[PDB]
Each structure stands twice: as C-alpha cells, then as structure tokens.
Amino acid sequence: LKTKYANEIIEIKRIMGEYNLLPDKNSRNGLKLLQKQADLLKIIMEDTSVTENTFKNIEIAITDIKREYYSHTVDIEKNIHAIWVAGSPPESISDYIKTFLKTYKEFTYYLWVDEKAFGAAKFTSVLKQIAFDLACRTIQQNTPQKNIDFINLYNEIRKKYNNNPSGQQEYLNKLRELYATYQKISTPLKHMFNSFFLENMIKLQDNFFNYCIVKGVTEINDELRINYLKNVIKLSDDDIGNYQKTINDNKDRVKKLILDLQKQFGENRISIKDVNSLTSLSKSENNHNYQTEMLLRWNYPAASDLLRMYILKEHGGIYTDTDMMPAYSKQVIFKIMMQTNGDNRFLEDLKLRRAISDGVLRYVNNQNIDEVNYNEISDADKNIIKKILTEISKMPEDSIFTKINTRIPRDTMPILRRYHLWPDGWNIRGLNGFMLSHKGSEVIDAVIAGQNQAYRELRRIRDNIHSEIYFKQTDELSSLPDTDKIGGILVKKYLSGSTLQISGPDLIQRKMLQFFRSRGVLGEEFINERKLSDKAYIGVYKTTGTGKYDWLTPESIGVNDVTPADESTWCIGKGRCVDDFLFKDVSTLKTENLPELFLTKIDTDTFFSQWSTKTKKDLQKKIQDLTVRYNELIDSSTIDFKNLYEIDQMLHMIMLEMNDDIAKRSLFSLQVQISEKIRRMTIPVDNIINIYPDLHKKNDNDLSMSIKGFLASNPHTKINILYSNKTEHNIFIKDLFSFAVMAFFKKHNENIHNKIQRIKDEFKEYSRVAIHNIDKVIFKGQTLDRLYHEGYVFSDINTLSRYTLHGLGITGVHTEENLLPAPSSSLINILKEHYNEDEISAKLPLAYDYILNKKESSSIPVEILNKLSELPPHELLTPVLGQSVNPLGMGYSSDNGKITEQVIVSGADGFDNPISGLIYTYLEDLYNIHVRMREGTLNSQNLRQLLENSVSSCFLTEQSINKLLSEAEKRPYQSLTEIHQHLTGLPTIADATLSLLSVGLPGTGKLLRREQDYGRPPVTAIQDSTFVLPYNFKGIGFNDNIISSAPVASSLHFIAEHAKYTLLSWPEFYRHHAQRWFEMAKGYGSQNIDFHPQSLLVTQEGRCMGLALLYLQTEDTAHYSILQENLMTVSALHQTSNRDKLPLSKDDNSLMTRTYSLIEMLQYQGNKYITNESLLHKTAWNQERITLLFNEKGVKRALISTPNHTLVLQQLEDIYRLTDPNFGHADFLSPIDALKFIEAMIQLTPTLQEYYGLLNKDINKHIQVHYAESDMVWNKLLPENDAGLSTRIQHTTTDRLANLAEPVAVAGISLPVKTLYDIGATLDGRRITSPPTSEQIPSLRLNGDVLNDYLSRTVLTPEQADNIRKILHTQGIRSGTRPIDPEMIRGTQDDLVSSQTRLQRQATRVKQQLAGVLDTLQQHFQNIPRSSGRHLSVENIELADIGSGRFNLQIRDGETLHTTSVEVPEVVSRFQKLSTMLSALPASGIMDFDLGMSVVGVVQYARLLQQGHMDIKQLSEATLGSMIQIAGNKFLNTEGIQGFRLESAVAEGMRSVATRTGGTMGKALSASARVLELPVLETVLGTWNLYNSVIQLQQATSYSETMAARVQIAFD
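What the sequence shown shows, in the entry's author numbering, is residues 237 to 734, 751 to 994, 1119 to 1885, 1897 to 1999, in sequence order.
Written out as structure tokens, the structure reads:
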C-alpha cells in the first residue's frame, strides 16, 4: 500500500512541513491543516488491507493530533452584550444586570440600543393590520358561495372600535374572544388565511423596500417609516403623536436606566452601544433581514436572533439575555440541599427553583427577603423556603454566584443547555439566550449564512410564482420553514396576542452540527448520534447512581435560567403592553401606491390628480401618449421587447428630466409594475440537456450515471455530450511544450480515443444520447473558432463554449458537471419511512444507484428497495420537462443567493432571447480586447474604439480603464474571464448580463439590480431546481430544498405502439363524427356549436392535456374566440409543414415551435396536477354531484378525463361551454344539459367510445372530474405567459403579405406579392418575407413542392397559368425540389371552376381514405405468422362479403398461409354506391357529382398502377389497386364478360349520366369520362415515372405519403 498511498503520504509530509513553518499555530490555517491530516488518516483507514499494528500506530497518531488540536483555545473578550428590547421596564432589567456586573468583576457590559427602531412596533402593527385586512377581503371575495361569520365579527369589532379609540384593552380582549371563535373555521379556509396573510405581509415589506429604493435612503429610521406610512395610509395627528411618544418614552427609559446604573457602577463598566454601528446591518449579503424580522416575528417580548449573531461576530465576548442570573455556588447548592434532609425535589421543579431564585435576587439587590412571591406554593414549602433563604442570607454577596470558563476552543460558540422537569417528564434543550464566542469565529459565519438561507426559504412563498398553495406537508419538524404552520402562528399571534422558529436555537443547533461535520474527524467529540454532544454546550449535568443529574459539581458551569422574569412570567404575571400596537382603519388604503399587491392601470382621469401644477403642465401630455402602449404592454400575455424597451426608455428619460417627488413616485410605481410583469411572465424550457465534460478526467461512473438518470427520468429527454478535439489537442501540445521548458503522444491519443469510444458505444443503443464534436458545430468566423485556432488553453474555454453553443440554437440545459435529476416527492416519501432529513440526503446516492442501476446496497433495508422497485424510474426522478425560465431567456444556478455558472438553463427554441444577443456581442468585445492586449498595443483610445458601437462601453470608466491597462502592462497574456473581471469588476459573465441589458432597459434594469440588495431573487436565477449535484446531492435553485420541497411525480400516459390515426388519416376521424357531434349537441338544447378540430396531436399520448389547459385558461368569450383562432392557425401550419413537407417562413416556424413547446409543457403540468389529489379535487362521474359542484360549491372550470381524452367544462359568462379539442365546443344554458350531452356523446357512438378508451367499460367509474377548491388556484396554476396565444391574433406571413397593395414586376408581368409567395418564391435559401427589390428578381427561384401544392389547391384562370409558366421558364425551379412540367400548369374557365374545385376536394378525401386503408392493409400484413423472408406474394384477391368489404386473400409466403378476411369497406362501398346510382339512375335522377369524381379518380389511379407494372408497403399498394379493380368488376359488370375494362365501363356510365342531365356539370362529367377513354397523356405518364423513379426514393417519408402523392397525380 506504500506505493498506492505514496502521493497521500507525500501530501502528509508536505502538510507537516507547512505546519512546522507556521508563525502562529493558533490560527485557522493550522486548524485546517490538522483537519486535513485527520481526514487523510481516515482515508487511510478506508483501505481494506490494513494490519492491526498499523491500526494501533494510526490510532496513537490520531489521538496525538487530536490532543494537539484541542490545545488551541482562545480567551473570549471581556464584553457582555445585552440587547435592549423596546418597552422593557428599566427596574426589572437592572437587577439581573447589576448581578452580572458584580460576579464578572473584570468585564465590560454593553447595552445594545437601537434608537431608530424604537417605534418599529407600532409600524409593523399597522403593516400587519393591512395585510390581515387584505387577506380577509380576498378570502371573502374568493368564495362567493358562502359567507364567513368570523370575518363579519372581525369587521364589526373594528367598526365598533372606530367609534371609541380609548378602549384598546377592550378591543384586544374582543380580538381574543374572536380568535376563539375563529378556531372553528374549516381547514381549507384556515390554510388559505395563513397563506394569504404571510404573502400579503411579505409583499408589504417589499413595497417598503421599494420606497427605500426610490427615496435613495442609506439608513432606515423611524422618520422614513412614518413617511412611508403616510404614503400607504392616511395618518392622523394623534397617530403621528403616538408614534413619537413611544420614541420619547423608550428614549427616557433607556437613558434613566443607564443613568441609574452609571451612578453606581460607572460609565466605563457599563456603556450603551448603538446597534446601527454594525457593519452587518449595512451588509448587502444580509438582504436587510433585520427589518423583515421586525415584521416576520411572533416572539416580540424576546430579543432579536440576527442581532446577537451580528454582535458576537463583530465584537465577541458573551451574549446574554436580560432575564438570567449566573449559576449558583457549590456552597449555595450545598446549603440548598442540607436544609432538605436529602430532598432533591427542590432543585428540578420549576416552582421551588423560581421561588429560590427570586429570593436570592431579592437578597443580592439589598431588597427585603420576605417579599418573594409565594403563590402556588404550599404552606410547608413556603415555610421551608423562607428558612432556607434565611440560611443563605448570612453569606457574602460575592460567594453566591459563579463564573463560567472563558477559554473556549477556537472557532466554537458554546450554547446554554436547559433542563426542565415538566409534569409529563424531562425537557432538555439548547437555548440561544446565553452564548459565548470570540470575534471572527467562522461558526458564527456559518450560522449567519444559515439564517439568511432560512429567510430566503421563508420568502419562497412570495418569490416562487410556482409555489403550490394547497400542499399539506406532514408535521415532522423539518429543517424547512414550513410556510403553512408559520402563517398559522402569525395569525394566532395577531388575533389572540399570544414552537416553530425560522432563526432560533433549532437553526443554530442545525448549523453548528453542519459546521462541525464539515470540520472533519476533529468534530467527533462535539457530534453524537447525528446531534451535538455535551461538549458543544454549557451547563450539562451528569447522571450519577440513579438517572438523576448530580446537581453539585457540573461538567460545565452554566447560567441560571429559571428566573422570576423567565419566559413563563410575562404570559400572565406581566400584562401585555399597549404601546406596541396602533389601531388603523385600513378601509382608506391608498391602493394607487401599491404596485406589489395591486396591478393598477394608467388612467388619465386620476393619474395626475395628485401632481403639482408645474409637473402636470409639463409632462402630462408626454405621459398620456404612454397610456395605450403601457396598458397594452401590461395586459399582454406575451412580452414584446421592442415595446418594452421603448416604453421603459422613454419613462426613464421622463423621470430624469423632472424635479418633483410625488410624480417621480408615480412613475416609479409604473416601473415597478413593469418589473413585476417581467418577473411573472416566465417561459418554458426545451426538454434537452447538454453536458460538456472533461475528456481526460479519470472518473467515468458519474457521467454514465447522469446520462442514465436523464434517460430514465423521461423517455423524451435528449442528451448531448459535447466535446472538442481541438481543445484536447491544444492541451496536450501545451503540456508537451511546458515539459520541454522544464512518446506520450501515442499514449494520450489512444487514451482519449478509447474513452470517447467507450462513452459512445455504452449508450450506443439510445438515439437520444448524441456525442457531438464542438469543432464541427461552430462556423469559421465565430469567436470560439478563433479561440481554438490560436490555442486558447485557459480553463474558461468550456464555459464560453456553452454561451457560443447557445447562440447556435442548441437550447436546453448546458452544464459542465455530471448533474443528476432531482428526486421526486414519491422517492422522498419512500425514504422518509425509515430515515430522517439529516440522513435522507446521505442515503440518496444509494437509492439513485439502485434506481438507475440494479446494484443492491446492504446499507439500506430490503423493504425500501422493494418499495422502490415497484415504481417506474420516471416516477421517482424529475425530468427537464416542466421547468420554466425568465422571459429574458437565461437562468443560472444560485449559491446562497449569488448566481453561478454551474448550470446555464437557456429558455426555449422559438422564444425571444435578448441575453443571447447581448452575450454574443459582449464575447466579441472581450475577444477584441484580448487579441489587442496580447500584443500590448492597447491604450485608452484603442479601448474607446474596441468598445464603440457596443453596450459594453458602459463599463468603460476611468478606474476600469486604469485597471485594464495596468493588467495589460503587468502580464500581456490574459484570459477572457479575467479580462471581463478587469473591465467590469463582476465575477461572472452571468453577473454582467443584467448590466448589459440595463443599457436597453434603464431604470427597470437598475430597479431589478437594486432589488437584489433587499432579498429579492436575481431575475436571471432559477428558483425551482430539478437538478442535483452528485457530490453533495444539493439543489441548484435560489430558494429550494430537495429533501423537503421535492417536486411531485408526474404520471406518464404510456400508449400502444400502433396508432389508430396518423397525420394523413387524422381528418377522417373528425369528418365521420362531425355531423353526429353537431346533432347530439343540438339534440340536448345547445344553441352555439362551433367546430375547430385540432390537428396538432393525432396520438393520444398525454390525453390532449395541453389544449385542454389552453382552453381552460380563458375566462371570457372574446379571449376564447381569439385562442380558437390562433389554434386553428397553428394546426393549419402544422399540417402544411409536417403532412405536406412544405418549408415554412422563419416567422411562422417560430410561432409553431413556441406553440408546441407551450402545449408540451402544459400537458406535462396538467398530468402532474390531475394525479395529485391535494391540488385538484377529483370525483367520479356523477351528473348529480357535478351539477351540485357547479351550482352550490361555486365551481367555474373543470376537466373531464376519460382514460384517453380530456374535455373542458367552463362557466364563461352565463353559459356553460363544453370543449372537445378534436370537435370544437358547444355551449348550454345549464350544467345538467352539458353533462347529459357529454355522457351521450361519449357513450352512444361506438368508434368515439373506443377511441376515448370507454369501450365495454362502465363510464360511471372511468370518467373523472377534476376541479379546484377555489377558482384563483387556477390563476396560480395556469401560467400568465402564453406566447400571446390567447390575447392577440397571431398573423402568418400570408396574412401580412396580403396587406401589401403593391405588385412586383417579375419576368415582365406585375403580380401581387402574396401570389408570388404562394407559388413558392424563394429568397436565397429561404422564402420571401418582404417584397424583393429590382435587383433581387434575377436571384428569385421557385420551390417545386410549394408550386405543386399551390397548383393542386387552386383553380387558376388561363392567363394566370400562362403567367406562372412564364415565371417558371424565366426563373427555374429551386434545386433539390420537385420538378414541375410546364405543360401540367393549365387554367380553367369560369363556367367549370366549381366542378373543378369539387374535384380537388375529392382528391384530398380519397387520399385521407386510401392512406388509412393502406395502413390497415400494412397492419394486416404485419400479423402474418410468416417466417420472415418478406415474400408474401399474395396470389388471389377474391372477395366474399359485399356488405362488409371482405376479401379472401390467398398468400404464397412459402407456407401457404391464407387469411381470407380483410375488412376494407372504404374501397367496396364507393364502387357499390356508384353501381347503384348508375343502375337506378333512370328512375332516380339524383346526381352526386362528387361521388362520380371520386370514382373516376380512383379508377384512373388503379389504371395508372396497372400501367406501372415485393416488400410489405409496395405489396399493400398493389393489393389495394387489385381490390379496387375487383370491386369494380363485381359492381359494374352486369354480365360476366371477359372483354371489359373499368375505364370504358365507368366512362360509358358517366357519358350516359351526362347525356341525361346535360349542362355544365354534365360537360364536366363527359370530359372526365373522355379522359378515361383516351390513353394516359404523355405528360401524365412522364410525371408518374419521374416521381416513382427519383422523387419517391429521394424522400425518406413513409409509403402513405408516396401513395397520397400518386393519388394526387391521378386526380390532377
């Protein structure tokens, strides 16, 4: 093992050498080196082949280094800090203070007084009153179905107060009784009350911080607080009077207390320290958590929990609470016991302990001893206490109390331990009311970071827009600040006036535990069984003999906390003060000044009412021009960055050019509304993950695990592994050159090639896992290409590549780490049955190993493994899908509130991305600076140019320029990130993103940046994280816990491998059922039935949840109509692009991509929501129950789910609209009719019933209704941003070109630009968006496919056909497309247009039938018991059943398998109908022109197949032709004449038809028959042969598309 551990042994020797050469071993450096020593020695222990002698030697060494570690102790400063809490009586305060001044003779006392927050109480009270009133109002409005008696009582007692302001105590008593009443309200109502109260209160705090931002204040003092109150509410003179008296009473109280103390002990011994002289109060990392704490608190009589952290951090010493004495003396406890004749009861019960402490305090302060409160104590106990106090009263005052050990281990913060014998039993816990430290402890730093993190997770309710309101987390004392219980605590405290702690002993203990664990092996004496031991506390007591703790001789001297003024004395003994409350009528709230809680419009009638005359007469005209633009920007469901930029820039310029402060505040409110709109309107993320791993890293397991986890988390997740060969080649070359400065080429080359081959072939079978080379994705002119070319070796090259590769269109999640999916709530719940939250994260690696792989770990119980195996892996992990990002298009990981670049999540394809463009320009600027710095020719002016015409020149300050030149002269070669750091001063380019954007968004960008100082999340940082690092299994979000807020698993609707309908054959489903759908809806009383079938989803995967949620979003008829229009447009575009393979304009490919991403994400979210019972109530199908919900429970929207489809029930206006995505919608007057029609339409029709999954099933148990408890939950669920799909009618290119009235002169003929686009005019590689200039006309080409489709769809006039032929002759067909024979371009006269049109219709219909039939035929051919070989060679196609279309097929597969049953009624029924009309025509003159055209088209198609003259697809085609011929033979041949042909028979039939009717239609029939009689035209045969020879093979489409093309050729 010596050679195996040689490197670590050398490391140990180096560490010993460094430790020996240390000027001060008593410093954090030496402690870290000894911790590293212990960790390395434990790693040595991890070796299996270790001898017992080695065990003993290492044990001796470990004991020695541990003893050396524990010898580095520090002496705390002789400071005693006690925070003064407003309203505290000085007398009761002084006594204990006096005590602490007497026992600790050589110490200093600092009363930490904050004069600026003396009134904060009566402000926070007003804020709380406003928040509760807002919650009450929104709760009452949210549930019109019933009234709440408690709210009526609250309002009535407030109005009763509004008559008598003198009776405050009566009002608080009435509030207590009303809380007793409020206890009896329903659990959902209570839950919503708590959530709304907490949210409103956080919003009000954020509003105050925004006021601080606008006023440009540096310190928040009372005056600022009384101005903000005047801003939000109307203050009377008596209310401003009260706020001041408190700030006067508090001042005199602390001044008189300190004077009375100073007269006796001196000014030096006790001094007042101003809390505001703390650096931590002004620290930006602290997010001003102390001001929020002043509001988000429920233990006001107690001191602050962050203040003590700051004080101990910045001054050290001992923090103590006001209400403690020092511990007793040994002699004192000895005489305590010796007056009890062996009775130990006196020293553990609280009553006698408190009485004795009261007695000793009264004696020590030279007060009378007999005056102790002897209530609730028996006469014998009172007598004995009187005597024992009389005994303790003889001894000197100096021999009563005892001091504590002042020398503590370095970077440790001892905590008081408390014992309390409760009637049930013992209570032992840690308390933060007495703490020790020395200045600059790192444990205090960890605890402060933990408190900030806790405040972040508490703010998560308001920060996280996707925060599930109704999710009842089980009470488990989780680390997370569970929001519901905190809100309940606050509501109880606000109502009654009298557990959980965000910042408290629980958090301090947890953070100390984490720190001691991170310390290493040296923390073992502090940690026991996943908890801090007695060596981390003071006052611990040993049990000796029996379980009783030996009260004499403590292990560690503590502090006496059972006090007359303990935490249990002001509940009853000390009455509640009234100077911490200020009654305020919130009915006159100024809502126009509250953008956070209320979204206000800019209405000119009262926006300027409060403006002064000068600013009005100057800027009112400029503002009113913004009314329409600002209103349309705010009310929009999409973000248009041009309008946002222009509106914000002009608002900022208006604000800069004015001196008023009221008007400035109104425009700041507009800016804040804009910023909130930006925060809310988030966009989906592409379901793609790209990993940019190290290629010479030794580890491989982590990357493989990440790929497997992301494959299993969802079957649609595309995984990209991006590597650069040039980077590794340059790295090897640089290594070789360095080795030269101070035959490995073959070894390195084989190593890298082998590793890449291994990763490539180990996921070879997965098509989603793609390994890409970055050298072949980027262009030659890009920055990254030059970076590789000149040999950029710096470690940043990877991160830059991510940015580069996001500019090339590669969307999704870019990462350099082996990132893993987050566990879902189901896996967490499974693990919670055995492990606790501090062990779940450590056991998660084993769970992931057993889920992704099949490895079983003996360190986990078999029950957990079995519970894991029963679930799909996609139910235990969280996919990329369903995650959303900021509308700016980039998100970043966070780390304690500071965004990082570990993960770069990058919007979605088709969505606008400002940060992408800004990043690209910035990277080019950095490259230019770098290249001109390399030579050393950069000076100021060169930089001025290098940054001209770029937003990055904003960073060009004098100090930045000086630093850039200084670094250039210091060392000429510098990396890009270091260059950006020099130029901007920011650590990461992610940090520079908001600075770059601020140029185009002044004010709003500045406001969003300033929000980060007040706790608000960075706009570019993601909050919900669905990923976890492998090395700690910790989330990457802003405010998230992956073990207590884990996401809910979303069920995936697995579907059969064969689909009933394809894209080509889909419209048949709607066509066959549309008439019955209409008649069913009309039969039940519907009065508005509209048909907008969807063509976006033809496979029932996802159960059409996206369109259902889209239709559910709308609450108005107008928005519904708009949404229906854009959905029809997108379905038409999808049909054009995918069914017809027609290229689309880049301005409609983006619209379709946006709609598809939105639908996919909403479908994922809806599937997740329906399965989660706590989110939406789910009920079985019952018409009575659903009618009851929609009539009495006040439900407005609901989802009706069959096993395969989703329907939408809505309450738009006064009608109930049922929406079926495939059939449109129908509205009914009453819910009962809607439910009845739903039942009838799903049940009566057989094919519809089978398609929906309800065939041969009881619909009463397979139809489920999902609804929400409150309507606004949908507002929380359904997203506000939707790419404008429900607010503005999106326009296609064709619509925009149709508006242009100027024609283009091409080839000597002037034609409209719309028509030029229609024939497929191709600008360069793409099509025409804008009218080409005169010079671009020679460059125009024509796309063959688009021209073919245009001709097939349109009935041109002869001159139009001549013009198109001329254009084709002049400008040729675009290369690579379908050639179009000019002779095929013909036009028709007016009289034969209708008929012509109808023919075209038939073609489509026939295609959409034949294609479907072919699939069945193909399907029929795929079920053959054939023994491979693909030689079916069917040799008989006879038909048996005429009324069913049954063909007896004798198949010569080599085994003579003969399947004499095929159900093809499509082919036989048409020929049947044509035969019966022909035979009965002389009696029945009814003339169906469409049927005749379809028959002539199918006959012509069959004839063309015959002239064409054997795999499954082509054999199915041939058989279909043969069956058309067989049905024609059967139905048309009156007698069995051999000398017949279908062409002549059909043509003669139609010629007779035309001879009967005559007219234009008769002429069309005769022309079609004549076409059938004469042989096929040379042009038609040439087209057919060229297609089948080149075009069919060149395309990769399936056989259905080729068959549809052939049917189209025949119909043409």
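All residues carry an ideal CB built from backbone N, CA and C; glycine is no exception.
Beta carbon of residue i nearer than 8 Å to that of residue j
| i | j | result |
| --- | --- | --- |
| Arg695 | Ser703 | no |
| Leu878 | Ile899 | yes |
| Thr1730 | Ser1521 | no |
| residue 1087 | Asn972 | No atoms of residue 1087 appear, because in the chain residue 994 is followed directly by 1119. |
| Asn1415 | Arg692 | yes |
| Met1537 | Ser1513 | no |
| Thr1531 | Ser1662 | no |
| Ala1457 | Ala1644 | no |
Residue i Cβ short of 7 Å to the ligand FMN heavy atom set
| i | result |
| --- | --- |
| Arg762 | In the structure shown, the ligand FMN is absent, as is every other ligand, since no ligand is present at all. |
Buried versus exposed, by CB contacts within 10 Å (16 or more), residue i
| i | result |
| --- | --- |
| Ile279 | exposed |
| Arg1943 | exposed |
| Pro645 | buried |
| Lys420 | exposed |
| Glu627 | exposed |
Reduced DSSP secondary structure (H/G/I, E/B, other) of residue i
| i | result |
| --- | --- |
| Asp634 | helix |
| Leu672 | strand |
| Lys949 | coil |
| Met994 | coil |
| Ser1171 | coil |
| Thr1475 | coil |
| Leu1253 | strand |
| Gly1923 | coil |
| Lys618 | helix |
| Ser1269 | strand |
| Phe1604 | strand |
| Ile1761 | coil |
| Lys571 | helix |
Straight-line gap, residue i to residue j (C-alpha atoms, nearest Å)
| i | j | result |
| --- | --- | --- |
| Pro1197 | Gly1542 | 21 Å |
| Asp855 | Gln862 | 13 Å |
| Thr558 | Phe291 | 51 Å |
| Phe1467 | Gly1600 | 4 Å |
| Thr379 | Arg654 | 47 Å |
| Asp1301 | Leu908 | 30 Å |
| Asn1242 | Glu1232 | 11 Å |
| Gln1883 | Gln1772 | 26 Å |
| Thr1746 | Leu1867 | 40 Å |
Strand pairing of residue i, partner residues [DSSP]
| i | result |
| --- | --- |
| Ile319 | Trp348 |
| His1448 | BP columns for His1448 are empty, so no partner. |
| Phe1403 | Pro1197 |
| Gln1826 | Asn1812 and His1834 |
| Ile554 | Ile316 and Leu672 |
| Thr1698 | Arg1717 |
| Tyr789 | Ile651 |
Residue-level contact to chain B via CB, residue i, 8 Å cutoff
| i | result |
| --- | --- |
| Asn1916 | This model lacks chain B altogether, as it is built from one protein chain only. |
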